[PDB]
Amino acid sequence: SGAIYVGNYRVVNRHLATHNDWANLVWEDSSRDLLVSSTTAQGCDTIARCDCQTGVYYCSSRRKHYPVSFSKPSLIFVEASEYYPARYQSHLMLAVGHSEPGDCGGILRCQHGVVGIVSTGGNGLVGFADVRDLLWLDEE
Ligand SMILES: CSc1ccccc1N(C)C(=O)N1CC[C@H](C(N)=O)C1
Ligand SMILES: [Zn+2]
């Protein structure tokens, strides 16, 4: 589990969005596994606006933050799970690192701020849904 809190927005994995989230929807994209809901209080996370390919992510199944190198956002095939059939997920970045299903939502950060959240993984890999292209998260 986990979320990004920027301005009056809450960014979570779409497959983990609560009942409170769909009743306050701003934008969602199933192909990206992202959902953004509106919040009453202002958040303090800064979104990175960069092309970094190294950062640090939080891994809840190990209670540890790990430094990682990751690929640029791309269209990647993701196996079937209880949340989606087998499909291509877009804007996904992969790294070599530990992840278990409940690690989704952990933040990936670089020197510029938040890059994305854990969204996929297994077999010694971890995949992150990029949020750096969502420029509107910074305004209105
Ligand atoms: C860190 S995800 C993970 C970890 C280890 C094993 C498997 C996983 N997968 C694949 C997983 O449970 N999902 C649920 C939905 C998600 C998605 N974006 O499609 C992927
Ligand atoms: Zn950066």
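The residues of chain A that appear here are 869-1008 by Swiss-Prot count, in order.
Recorded method for this deposit: X-ray crystallography, 1.5 Å.
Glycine is treated like the rest: Cβ placed from N, Cα and C.
Listed in Swiss-Prot:
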type: ACT_SITE; residues: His883; note: active site, for protease 2A activity
type: ACT_SITE; residues: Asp901; note: active site, for protease 2A activity
type: BINDING; residues: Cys918, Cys920, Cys978, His980; note: Zn(2+) 1 binding site
type: ACT_SITE; residues: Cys972; note: active site, for protease 2A activity
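Put simply, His883 is the one of the recorded positions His883, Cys918, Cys978 whose Cα lies nearest to the Cα of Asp901 (active site, for protease 2A activity). In the three-state DSSP classification, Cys978 (Zn(2+) 1 binding site) falls within a strand. Proximity of the recorded positions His883, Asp901, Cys920, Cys972 to ligand 1, judged by a Cβ distance under 6 angstroms to any of its atoms, singles out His883, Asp901, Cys972 in sequence order. Just so you know, the Cβ of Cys918 (Zn(2+) 1 binding site) picks up 13 other Cβ atoms within 10 Å once every protein chain is counted. Comparing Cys920 (Zn(2+) 1 binding site) with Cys972 (active site, for protease 2A activity), their Cα atoms are 21 Å apart once rounded.
DSSP classifies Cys920 (Zn(2+) 1 binding site) as coil under the three-state reduction. Surrounding the centroid of the Cβ atoms of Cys918, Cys920, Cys978, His980, where the record places Zn(2+) 1, the chain contributes additional residues within 8 Å, namely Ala916, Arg917, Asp919, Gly923, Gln979, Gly981, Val983, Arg1000. Counting in whole angstrom, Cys972 (active site, for protease 2A activity) lies 23 from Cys918 (Zn(2+) 1 binding site) by their C-alpha atoms. On its own chain, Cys978 (Zn(2+) 1 binding site) has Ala916, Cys918, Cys920, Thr922, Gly923, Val924 as residues at least 6 apart in sequence with a Cβ closer than 8 Å to its own Cβ.
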